[PDB]
$ cat my_file_38.pdb   # PDB, C-alpha atoms
ATOM      1  CA  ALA A 106      10.575 -11.147  14.249
ATOM      2  CA  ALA A 107       8.835  -8.970  16.851
ATOM      3  CA  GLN A 108       9.195  -5.159  16.807
ATOM      4  CA  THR A 109       7.464  -3.739  19.904
ATOM      5  CA  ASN A 110       5.507  -0.637  20.859
ATOM      6  CA  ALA A 111       5.011  -0.517  17.124
ATOM      7  CA  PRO A 112       2.651   1.589  15.069
ATOM      8  CA  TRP A 113      -0.954   0.497  15.428
ATOM      9  CA  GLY A 114      -1.077  -0.410  11.749
ATOM     10  CA  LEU A 115       1.693  -3.006  11.839
ATOM     11  CA  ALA A 116       0.762  -4.594  15.074
ATOM     12  CA  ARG A 117      -2.838  -4.942  13.838
ATOM     13  CA  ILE A 118      -2.033  -6.909  10.723
ATOM     14  CA  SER A 119      -0.036  -9.350  12.833
ATOM     15  CA  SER A 120      -3.009  -9.738  15.221
ATOM     16  CA  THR A 121      -6.435 -11.266  14.949
ATOM     17  CA  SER A 122      -7.720  -8.453  17.233
ATOM     18  CA  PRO A 123      -6.982  -4.787  17.830
ATOM     19  CA  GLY A 124      -5.250  -3.746  21.082
ATOM     20  CA  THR A 125      -1.736  -5.133  20.574
ATOM     21  CA  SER A 126       1.317  -2.843  20.522
ATOM     22  CA  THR A 127       3.918  -5.101  18.881
ATOM     23  CA  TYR A 128       4.554  -6.171  15.296
ATOM     24  CA  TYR A 129       5.336  -9.876  14.542
ATOM     25  CA  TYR A 130       6.675 -11.399  11.295
ATOM     26  CA  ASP A 131       9.063 -13.725   9.437
ATOM     27  CA  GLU A 132      12.851 -13.301   9.334
ATOM     28  CA  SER A 133      12.480 -13.147   5.459
ATOM     29  CA  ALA A 134      10.937  -9.705   5.937
ATOM     30  CA  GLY A 135      10.732  -8.618   2.246
ATOM     31  CA  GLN A 136      14.288  -9.598   1.263
ATOM     32  CA  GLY A 137      14.142  -9.797  -2.578
ATOM     33  CA  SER A 138      10.694  -8.521  -3.634
ATOM     34  CA  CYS A 139      10.391  -5.024  -5.010
ATOM     35  CA  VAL A 140       7.663  -2.445  -4.568
ATOM     36  CA  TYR A 141       6.663   0.481  -6.794
ATOM     37  CA  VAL A 142       5.320   3.467  -4.890
ATOM     38  CA  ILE A 143       3.371   5.550  -7.395
ATOM     39  CA  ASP A 144       2.850   8.997  -5.806
ATOM     40  CA  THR A 145       4.939  12.184  -5.162
ATOM     41  CA  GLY A 146       8.271  10.294  -4.879
ATOM     42  CA  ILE A 147      10.786   8.826  -2.461
ATOM     43  CA  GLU A 148      12.982  10.859  -0.135
ATOM     44  CA  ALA A 149      15.407   7.936  -0.468
ATOM     45  CA  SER A 150      18.111   9.605   1.676
ATOM     46  CA  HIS A 151      15.841   9.057   4.742
ATOM     47  CA  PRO A 152      17.785   7.176   7.550
ATOM     48  CA  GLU A 153      14.775   4.792   7.667
ATOM     49  CA  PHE A 154      15.442   3.482   4.097
ATOM     50  CA  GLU A 155      19.047   2.308   4.565
ATOM     51  CA  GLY A 156      19.606   2.534   0.790
ATOM     52  CA  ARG A 157      16.521   0.516  -0.189
ATOM     53  CA  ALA A 158      14.611   3.562  -1.427
ATOM     54  CA  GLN A 159      15.276   5.165  -4.763
ATOM     55  CA  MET A 160      13.773   7.185  -7.568
ATOM     56  CA  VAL A 161      13.451   4.995 -10.668
ATOM     57  CA  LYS A 162      11.142   7.428 -12.406
ATOM     58  CA  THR A 163       9.722  10.924 -12.347
ATOM     59  CA  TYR A 164       7.680  12.845 -14.900
ATOM     60  CA  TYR A 165       8.276  16.267 -13.345
ATOM     61  CA  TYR A 166      11.241  18.652 -12.836
ATOM     62  CA  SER A 167      12.894  16.525 -10.091
ATOM     63  CA  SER A 168      12.845  13.092  -8.474
ATOM     64  CA  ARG A 169      12.823  15.016  -5.152
ATOM     65  CA  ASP A 170       9.792  14.293  -2.907
ATOM     66  CA  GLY A 171       8.331  17.656  -1.829
ATOM     67  CA  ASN A 172       4.967  16.556  -0.479
ATOM     68  CA  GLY A 173       5.859  13.800   2.026
ATOM     69  CA  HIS A 174       2.979  11.494   1.094
ATOM     70  CA  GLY A 175       5.098   9.582  -1.463
ATOM     71  CA  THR A 176       7.700   9.239   1.328
ATOM     72  CA  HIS A 177       5.151   8.500   4.002
ATOM     73  CA  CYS A 178       3.608   5.626   2.218
ATOM     74  CA  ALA A 179       6.950   4.501   0.992
ATOM     75  CA  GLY A 180       7.914   4.163   4.615
ATOM     76  CA  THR A 181       4.829   2.117   5.375
ATOM     77  CA  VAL A 182       5.944  -0.295   2.699
ATOM     78  CA  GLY A 183       9.675  -0.679   3.389
ATOM     79  CA  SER A 184      10.835   1.555   6.207
ATOM     80  CA  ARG A 185      12.639  -0.286   8.931
ATOM     81  CA  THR A 186      10.857   1.255  11.928
ATOM     82  CA  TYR A 187       7.442   2.094  10.333
ATOM     83  CA  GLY A 188       7.157  -0.375   7.452
ATOM     84  CA  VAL A 189       5.392  -3.670   6.806
ATOM     85  CA  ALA A 190       8.133  -5.346   4.633
ATOM     86  CA  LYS A 191      11.433  -4.289   6.119
ATOM     87  CA  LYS A 192      13.918  -5.791   3.541
ATOM     88  CA  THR A 193      12.231  -4.908   0.208
ATOM     89  CA  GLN A 194      13.482  -2.413  -2.456
ATOM     90  CA  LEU A 195      11.292   0.653  -3.102
ATOM     91  CA  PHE A 196      10.966   1.960  -6.607
ATOM     92  CA  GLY A 197       9.587   5.432  -6.826
ATOM     93  CA  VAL A 198       7.667   6.596  -9.751
ATOM     94  CA  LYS A 199       6.864  10.296  -9.273
ATOM     95  CA  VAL A 200       3.589  10.674 -11.122
ATOM     96  CA  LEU A 201       2.219  13.479  -8.940
ATOM     97  CA  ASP A 202       3.168  17.059  -8.289
ATOM     98  CA  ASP A 203       3.795  18.855  -4.980
ATOM     99  CA  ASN A 204       0.560  20.795  -5.638
ATOM    100  CA  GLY A 205      -0.952  17.379  -4.703
ATOM    101  CA  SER A 206      -2.162  16.422  -8.147
ATOM    102  CA  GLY A 207      -1.657  15.156 -11.672
ATOM    103  CA  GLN A 208      -3.015  14.039 -15.005
ATOM    104  CA  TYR A 209      -4.113  10.614 -16.221
ATOM    105  CA  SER A 210      -1.528  11.088 -18.999
ATOM    106  CA  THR A 211       1.062  10.941 -16.242
ATOM    107  CA  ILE A 212      -0.854   8.541 -13.978
ATOM    108  CA  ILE A 213      -1.296   6.063 -16.781
ATOM    109  CA  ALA A 214       2.234   6.552 -18.002
ATOM    110  CA  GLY A 215       3.280   5.729 -14.448
ATOM    111  CA  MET A 216       1.293   2.523 -14.445
ATOM    112  CA  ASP A 217       2.949   1.582 -17.665
ATOM    113  CA  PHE A 218       6.568   2.712 -16.932
ATOM    114  CA  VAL A 219       6.334   0.064 -14.243
ATOM    115  CA  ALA A 220       4.825  -2.667 -16.392
ATOM    116  CA  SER A 221       8.120  -2.533 -18.162
ATOM    117  CA  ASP A 222      10.630  -1.237 -15.606
ATOM    118  CA  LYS A 223       9.957  -4.192 -13.331
ATOM    119  CA  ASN A 224      12.111  -6.053 -15.852
ATOM    120  CA  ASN A 225      15.109  -3.786 -15.326
ATOM    121  CA  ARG A 226      14.872  -4.444 -11.587
ATOM    122  CA  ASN A 227      15.555  -7.724  -9.807
ATOM    123  CA  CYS A 228      12.713  -9.286  -7.791
ATOM    124  CA  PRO A 229      13.069 -13.073  -7.956
ATOM    125  CA  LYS A 230      10.328 -13.006  -5.261
ATOM    126  CA  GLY A 231       7.868 -10.778  -7.168
ATOM    127  CA  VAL A 232       6.844  -7.152  -7.632
ATOM    128  CA  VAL A 233       4.183  -5.037  -5.984
ATOM    129  CA  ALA A 234       2.794  -1.733  -7.189
ATOM    130  CA  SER A 235       1.005   0.705  -4.971
ATOM    131  CA  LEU A 236      -1.499   3.021  -6.475
ATOM    132  CA  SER A 237      -1.068   5.757  -3.941
ATOM    133  CA  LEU A 238      -3.620   7.776  -5.919
ATOM    134  CA  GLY A 239      -7.184   7.900  -7.191
ATOM    135  CA  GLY A 240      -9.676  10.177  -8.932
ATOM    136  CA  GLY A 241     -13.138   9.928 -10.409
ATOM    137  CA  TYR A 242     -14.002   7.007 -12.637
ATOM    138  CA  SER A 243     -12.141   6.813 -15.952
ATOM    139  CA  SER A 244     -11.869   3.745 -18.171
ATOM    140  CA  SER A 245      -8.301   4.347 -19.391
ATOM    141  CA  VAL A 246      -6.862   4.555 -15.895
ATOM    142  CA  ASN A 247      -8.659   1.309 -14.994
ATOM    143  CA  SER A 248      -7.333  -0.372 -18.178
ATOM    144  CA  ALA A 249      -3.868   0.658 -17.185
ATOM    145  CA  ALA A 250      -4.259  -0.731 -13.738
ATOM    146  CA  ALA A 251      -5.388  -4.045 -15.260
ATOM    147  CA  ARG A 252      -2.580  -4.098 -17.827
ATOM    148  CA  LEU A 253      -0.157  -3.623 -15.010
ATOM    149  CA  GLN A 254      -1.676  -6.519 -13.014
ATOM    150  CA  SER A 255      -2.156  -8.622 -16.179
ATOM    151  CA  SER A 256       1.607  -8.059 -16.391
ATOM    152  CA  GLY A 257       2.363  -9.817 -13.050
ATOM    153  CA  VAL A 258       2.710  -6.733 -10.869
ATOM    154  CA  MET A 259       0.623  -7.171  -7.752
ATOM    155  CA  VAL A 260      -1.389  -3.916  -7.677
ATOM    156  CA  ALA A 261      -2.871  -2.299  -4.583
ATOM    157  CA  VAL A 262      -5.255   0.699  -4.913
ATOM    158  CA  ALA A 263      -6.840   2.881  -2.279
ATOM    159  CA  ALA A 264     -10.594   2.606  -2.422
ATOM    160  CA  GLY A 265     -10.727   6.424  -1.904
ATOM    161  CA  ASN A 266     -11.619   8.898   0.846
ATOM    162  CA  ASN A 267     -15.081  10.055  -0.349
ATOM    163  CA  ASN A 268     -17.279   7.792   1.775
ATOM    164  CA  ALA A 269     -18.966   6.396  -1.332
ATOM    165  CA  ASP A 270     -19.116   3.188  -3.402
ATOM    166  CA  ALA A 271     -15.618   2.987  -4.831
ATOM    167  CA  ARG A 272     -17.071   1.976  -8.247
ATOM    168  CA  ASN A 273     -17.306   5.758  -9.110
ATOM    169  CA  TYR A 274     -13.540   6.088  -8.536
ATOM    170  CA  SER A 275     -10.515   4.821 -10.444
ATOM    171  CA  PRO A 276      -8.058   3.113 -10.426
ATOM    172  CA  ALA A 277      -9.930   1.565  -7.442
ATOM    173  CA  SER A 278     -12.895   0.329  -9.545
ATOM    174  CA  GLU A 279     -10.790  -2.072 -11.799
ATOM    175  CA  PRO A 280     -11.968  -5.733 -11.124
ATOM    176  CA  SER A 281      -8.561  -7.411 -11.468
ATOM    177  CA  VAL A 282      -6.689  -5.424  -8.766
ATOM    178  CA  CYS A 283      -6.771  -5.544  -4.963
ATOM    179  CA  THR A 284      -8.826  -2.508  -3.810
ATOM    180  CA  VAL A 285      -8.140  -1.602  -0.203
ATOM    181  CA  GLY A 286     -10.216   0.215   2.417
ATOM    182  CA  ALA A 287      -9.296   1.838   5.708
ATOM    183  CA  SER A 288     -10.041   0.810   9.267
ATOM    184  CA  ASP A 289      -9.644   2.873  12.416
ATOM    185  CA  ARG A 290      -7.733   1.117  15.239
ATOM    186  CA  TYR A 291     -10.890  -0.085  17.020
ATOM    187  CA  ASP A 292     -11.917  -2.386  14.075
ATOM    188  CA  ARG A 293     -14.127   0.183  12.427
ATOM    189  CA  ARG A 294     -14.063   0.994   8.765
ATOM    190  CA  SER A 295     -12.812   4.536   8.827
ATOM    191  CA  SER A 296     -15.162   7.464   8.144
ATOM    192  CA  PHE A 297     -13.647   8.640   4.805
ATOM    193  CA  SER A 298     -13.211   5.097   3.559
ATOM    194  CA  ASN A 299     -15.033   4.140   0.363
ATOM    195  CA  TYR A 300     -16.779   0.774   0.055
ATOM    196  CA  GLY A 301     -18.838  -1.629  -2.074
ATOM    197  CA  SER A 302     -18.528  -4.692  -4.312
ATOM    198  CA  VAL A 303     -15.096  -3.900  -5.624
ATOM    199  CA  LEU A 304     -13.037  -3.557  -2.364
ATOM    200  CA  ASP A 305     -11.046  -6.669  -1.413
ATOM    201  CA  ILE A 306      -9.481  -6.407   1.988
ATOM    202  CA  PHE A 307      -9.274  -3.676   4.618
ATOM    203  CA  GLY A 308      -6.187  -2.092   6.076
ATOM    204  CA  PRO A 309      -5.022   0.410   8.673
ATOM    205  CA  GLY A 310      -5.705   3.712   6.944
ATOM    206  CA  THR A 311      -6.214   5.753  10.125
ATOM    207  CA  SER A 312      -3.805   7.801  12.315
ATOM    208  CA  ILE A 313      -0.996   6.052  10.509
ATOM    209  CA  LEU A 314       2.470   6.899  11.744
ATOM    210  CA  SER A 315       5.176   6.644   9.089
ATOM    211  CA  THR A 316       8.127   8.439   7.415
ATOM    212  CA  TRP A 317       8.102  12.030   6.168
ATOM    213  CA  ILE A 318      10.150  14.497   4.137
ATOM    214  CA  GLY A 319      13.101  16.134   6.002
ATOM    215  CA  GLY A 320      14.019  13.168   8.303
ATOM    216  CA  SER A 321      10.762  13.468  10.277
ATOM    217  CA  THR A 322       7.989  10.946  10.753
ATOM    218  CA  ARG A 323       4.381  11.980  10.988
ATOM    219  CA  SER A 324       0.978  10.366  10.975
ATOM    220  CA  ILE A 325      -1.895  10.900   8.513
ATOM    221  CA  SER A 326      -5.169   9.156   7.866
ATOM    222  CA  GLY A 327      -6.404   7.878   4.519
ATOM    223  CA  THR A 328      -7.244   4.765   2.473
ATOM    224  CA  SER A 329      -4.045   5.573   0.584
ATOM    225  CA  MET A 330      -2.272   4.847   3.886
ATOM    226  CA  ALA A 331      -4.161   1.555   4.013
ATOM    227  CA  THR A 332      -2.595   0.320   0.786
ATOM    228  CA  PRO A 333       1.152   0.333   1.479
ATOM    229  CA  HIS A 334       0.344  -1.912   4.379
ATOM    230  CA  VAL A 335      -1.372  -4.227   1.931
ATOM    231  CA  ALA A 336       1.346  -3.840  -0.727
ATOM    232  CA  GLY A 337       3.710  -4.142   2.169
ATOM    233  CA  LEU A 338       2.100  -7.434   3.149
ATOM    234  CA  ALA A 339       1.717  -8.547  -0.422
ATOM    235  CA  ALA A 340       5.427  -7.974  -0.824
ATOM    236  CA  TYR A 341       6.141  -9.555   2.567
ATOM    237  CA  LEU A 342       4.190 -12.635   1.458
ATOM    238  CA  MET A 343       5.088 -13.006  -2.161
ATOM    239  CA  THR A 344       8.626 -13.019  -0.800
ATOM    240  CA  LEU A 345       7.623 -16.022   1.409
ATOM    241  CA  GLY A 346       6.383 -18.400  -1.311
ATOM    242  CA  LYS A 347       2.805 -18.081  -0.036
ATOM    243  CA  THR A 348       1.570 -16.413  -3.211
ATOM    244  CA  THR A 349       2.267 -15.177  -6.716
ATOM    245  CA  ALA A 350       1.694 -11.745  -8.190
ATOM    246  CA  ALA A 351      -1.754 -12.791  -9.400
ATOM    247  CA  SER A 352      -2.658 -14.844  -6.342
ATOM    248  CA  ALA A 353      -1.785 -12.149  -3.719
ATOM    249  CA  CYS A 354      -5.235 -10.564  -3.495
ATOM    250  CA  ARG A 355      -7.036 -13.861  -3.568
ATOM    251  CA  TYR A 356      -4.637 -15.058  -0.844
ATOM    252  CA  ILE A 357      -4.821 -11.952   1.347
ATOM    253  CA  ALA A 358      -8.598 -12.286   1.216
ATOM    254  CA  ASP A 359      -8.579 -16.027   1.896
ATOM    255  CA  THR A 360      -6.222 -15.289   4.839
ATOM    256  CA  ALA A 361      -7.811 -12.107   6.326
ATOM    257  CA  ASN A 362      -9.628 -11.384   9.569
ATOM    258  CA  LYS A 363     -13.206 -12.402   8.723
ATOM    259  CA  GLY A 364     -16.058 -10.415  10.261
ATOM    260  CA  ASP A 365     -13.460  -8.355  12.110
ATOM    261  CA  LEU A 366     -14.580  -4.869  11.220
ATOM    262  CA  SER A 367     -17.705  -2.920  11.936
ATOM    263  CA  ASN A 368     -19.410  -0.013  10.157
ATOM    264  CA  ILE A 369     -19.343  -2.214   7.025
ATOM    265  CA  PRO A 370     -22.216  -1.573   4.544
ATOM    266  CA  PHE A 371     -24.175  -4.107   2.620
ATOM    267  CA  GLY A 372     -22.334  -5.793  -0.203
ATOM    268  CA  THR A 373     -18.966  -4.451   0.929
ATOM    269  CA  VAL A 374     -16.655  -7.222   2.092
ATOM    270  CA  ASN A 375     -16.021  -7.602   5.823
ATOM    271  CA  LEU A 376     -12.344  -8.708   5.893
ATOM    272  CA  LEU A 377      -9.149  -7.226   7.374
ATOM    273  CA  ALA A 378      -5.531  -7.705   6.158
ATOM    274  CA  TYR A 379      -3.861 -10.322   8.330
ATOM    275  CA  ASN A 380      -0.235 -11.455   7.834
ATOM    276  CA  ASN A 381      -0.688 -14.899   9.331
ATOM    277  CA  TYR A 382       2.638 -15.199  11.075
ATOM    278  CA  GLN A 383       2.156 -17.742  13.724
ATOM    279  CA  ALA A 384       5.060 -16.556  15.733
TER     280      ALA A 384
END
$ encode --input "my_file_38.pdb" --output "structure tokens"
Amino acid sequence: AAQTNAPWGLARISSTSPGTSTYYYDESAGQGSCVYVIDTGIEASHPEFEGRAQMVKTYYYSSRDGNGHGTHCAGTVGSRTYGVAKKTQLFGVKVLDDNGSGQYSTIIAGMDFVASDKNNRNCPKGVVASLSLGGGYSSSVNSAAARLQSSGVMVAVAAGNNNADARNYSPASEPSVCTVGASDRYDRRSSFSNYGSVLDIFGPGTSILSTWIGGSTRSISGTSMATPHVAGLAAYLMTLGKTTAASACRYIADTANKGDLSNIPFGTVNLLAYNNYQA
């Protein structure tokens, strides 16, 4: 595969450099892994999702996505035009309101609806969860994240958008998961992006074009945009044999673009999510 004049995010993860405008990948393309987008929900009726998106769970009045973010990121996972893994199912938990917010009661319950619900679904390839969310540090929410990973669900968390050591932010801080940071298109860790010991890989977080509520397709920045790429790739890869739910992060890191970002602090890993598709 070889989708051209692609978003900058997708093209980048297929490329050892920035400055390429075409996305390259395997014909597998996510067919048979599943991904759990944990955020404001999936507008599954989007023409981009071709039936692959759905609302498995919602802790609020409706499954309905009325922010866009849950849809946006969902696209970056498994949209056909904007997404990393273009043949994967997309299982929406709606843990967050349209105010743009929620509780750890819900958040955690979302982590843990999935730890089970994965069962109910079919992913002979493996499952990926996207923590499209983060707050201050809290030791429940981190436990949850672990539990979820512990339970064979490849977890991807945004490092955060506070321009701080992630360690003061959860679920990002949890050792077991893959904590993701953002890069701007010129191989620069993005301004908002958090950092430090904990972070695993980097992704495209910046200017990221993807799906949106009401048929549209817009472009927002954030380290929560970074992650569905990584979950996307995780799911793209776990589908390929190349790794297991546990081994994703440790693979993605072993396979990344080494010393291929700048504006990287001390400690903080210098690696960038690479898909490794020698086309």
$ resolve_selection --input "my_file_38.pdb" --expression "the PyMOL selection byres ((chain A and resi 373) around 12)" --output "PyMOL selection string"
chain A and resi 264+269-272+284-286+294+298-307+364+366-372+374-376
$ write_last_selection --input "my_file_38.pdb" --atoms "C-alpha atoms" --output "PDB file, keeping the file's coordinate frame"
ATOM      1  CA  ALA A 264     -10.594   2.606  -2.422  1.00  0.00           C
ATOM      2  CA  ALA A 269     -18.966   6.396  -1.332  1.00  0.00           C
ATOM      3  CA  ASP A 270     -19.116   3.188  -3.402  1.00  0.00           C
ATOM      4  CA  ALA A 271     -15.618   2.987  -4.831  1.00  0.00           C
ATOM      5  CA  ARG A 272     -17.071   1.976  -8.247  1.00  0.00           C
ATOM      6  CA  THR A 284      -8.826  -2.508  -3.810  1.00  0.00           C
ATOM      7  CA  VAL A 285      -8.140  -1.602  -0.203  1.00  0.00           C
ATOM      8  CA  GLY A 286     -10.216   0.215   2.417  1.00  0.00           C
ATOM      9  CA  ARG A 294     -14.063   0.994   8.765  1.00  0.00           C
ATOM     10  CA  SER A 298     -13.211   5.097   3.559  1.00  0.00           C
ATOM     11  CA  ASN A 299     -15.033   4.140   0.363  1.00  0.00           C
ATOM     12  CA  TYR A 300     -16.779   0.774   0.055  1.00  0.00           C
ATOM     13  CA  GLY A 301     -18.838  -1.629  -2.074  1.00  0.00           C
ATOM     14  CA  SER A 302     -18.528  -4.692  -4.312  1.00  0.00           C
ATOM     15  CA  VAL A 303     -15.096  -3.900  -5.624  1.00  0.00           C
ATOM     16  CA  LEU A 304     -13.037  -3.557  -2.364  1.00  0.00           C
ATOM     17  CA  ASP A 305     -11.046  -6.669  -1.413  1.00  0.00           C
ATOM     18  CA  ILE A 306      -9.481  -6.407   1.988  1.00  0.00           C
ATOM     19  CA  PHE A 307      -9.274  -3.676   4.618  1.00  0.00           C
ATOM     20  CA  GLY A 364     -16.058 -10.415  10.261  1.00  0.00           C
ATOM     21  CA  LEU A 366     -14.580  -4.869  11.220  1.00  0.00           C
ATOM     22  CA  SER A 367     -17.705  -2.920  11.936  1.00  0.00           C
ATOM     23  CA  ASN A 368     -19.410  -0.013  10.157  1.00  0.00           C
ATOM     24  CA  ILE A 369     -19.343  -2.214   7.025  1.00  0.00           C
ATOM     25  CA  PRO A 370     -22.216  -1.573   4.544  1.00  0.00           C
ATOM     26  CA  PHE A 371     -24.175  -4.107   2.620  1.00  0.00           C
ATOM     27  CA  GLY A 372     -22.334  -5.793  -0.203  1.00  0.00           C
ATOM     28  CA  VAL A 374     -16.655  -7.222   2.092  1.00  0.00           C
ATOM     29  CA  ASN A 375     -16.021  -7.602   5.823  1.00  0.00           C
ATOM     30  CA  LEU A 376     -12.344  -8.708   5.893  1.00  0.00           C
TER      31      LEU A 376
END
$ resolve_selection --input "my_file_38.pdb" --expression "the PyMOL selection byres ((chain A and resi 258) around 9)" --output "PyMOL selection string"
chain A and resi 219-220+223+231-234+253-257+259-260+350-351
$ write_last_selection --input "my_file_38.pdb" --atoms "C-alpha atoms" --output "compact mmCIF listing (two decimals), keeping the file's coordinate frame"
# COMPACT_ATOMS: atom_id res chain seq x y z
CA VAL A 219 6.33 0.06 -14.24
CA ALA A 220 4.82 -2.67 -16.39
CA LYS A 223 9.96 -4.19 -13.33
CA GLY A 231 7.87 -10.78 -7.17
CA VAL A 232 6.84 -7.15 -7.63
CA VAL A 233 4.18 -5.04 -5.98
CA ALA A 234 2.79 -1.73 -7.19
CA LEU A 253 -0.16 -3.62 -15.01
CA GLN A 254 -1.68 -6.52 -13.01
CA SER A 255 -2.16 -8.62 -16.18
CA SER A 256 1.61 -8.06 -16.39
CA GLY A 257 2.36 -9.82 -13.05
CA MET A 259 0.62 -7.17 -7.75
CA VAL A 260 -1.39 -3.92 -7.68
CA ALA A 350 1.69 -11.74 -8.19
CA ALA A 351 -1.75 -12.79 -9.40
$ closest_residue --input "my_file_38.pdb" --among "A:329, A:145, A:349, A:186" --to "residue 235 of chain A" --atoms "only C-alpha atoms"
A:329
$ resolve_selection --input "my_file_38.pdb" --expression "the PyMOL selection byres ((chain A and resi 120-133) around 10)" --output "PyMOL selection string"
chain A and resi 106-119+134-137+189-193+289-292+341-342+344-345+361-363+365-366+377-384
$ residues_around --input "my_file_38.pdb" --residues "segment 147-163 of chain A" --least-positions-apart "2" --cutoff "10 Å" --atoms "only C-alpha atoms" --output "PyMOL selection string"
chain A and resi 139-145+165-180+183-188+191-202+211+215+218-219+222+226+315-322
$ atom_distance --input "my_file_38.pdb" --atom1 "atom CA of residue 266 of chain A" --atom2 "atom CA of residue 328 of chain A"
6.2 Å
$ atom_distance --input "my_file_38.pdb" --atom1 "atom CA of residue 326 of chain A" --atom2 "atom CA of residue 249 of chain A"
26.5 Å
$ atom_distance --input "my_file_38.pdb" --atom1 "atom CA of residue 359 of chain A" --atom2 "atom CA of residue 347 of chain A"
11.7 Å
$ axis_aligned_box --input "my_file_38.pdb" --around "segment 265-270 of chain A" --padding-each-side "4 Å" --output "JSON"
{"center_x": -14.9, "center_y": 6.6, "center_z": -0.8, "size_x": 16.4, "size_y": 14.9, "size_z": 13.2}
$ closest_residue --input "my_file_38.pdb" --among "A:267, A:281, A:208, A:227" --to "residue 250 of chain A" --atoms "only C-alpha atoms"
A:281
$ closest_residue --input "my_file_38.pdb" --among "A:335, A:325, A:340, A:314" --to "residue 228 of chain A" --atoms "all atoms listed in the file"
A:340
$ closest_residue --input "my_file_38.pdb" --among "A:230, A:280, A:275, A:268" --to "residue 138 of chain A" --atoms "only C-alpha atoms"
A:230
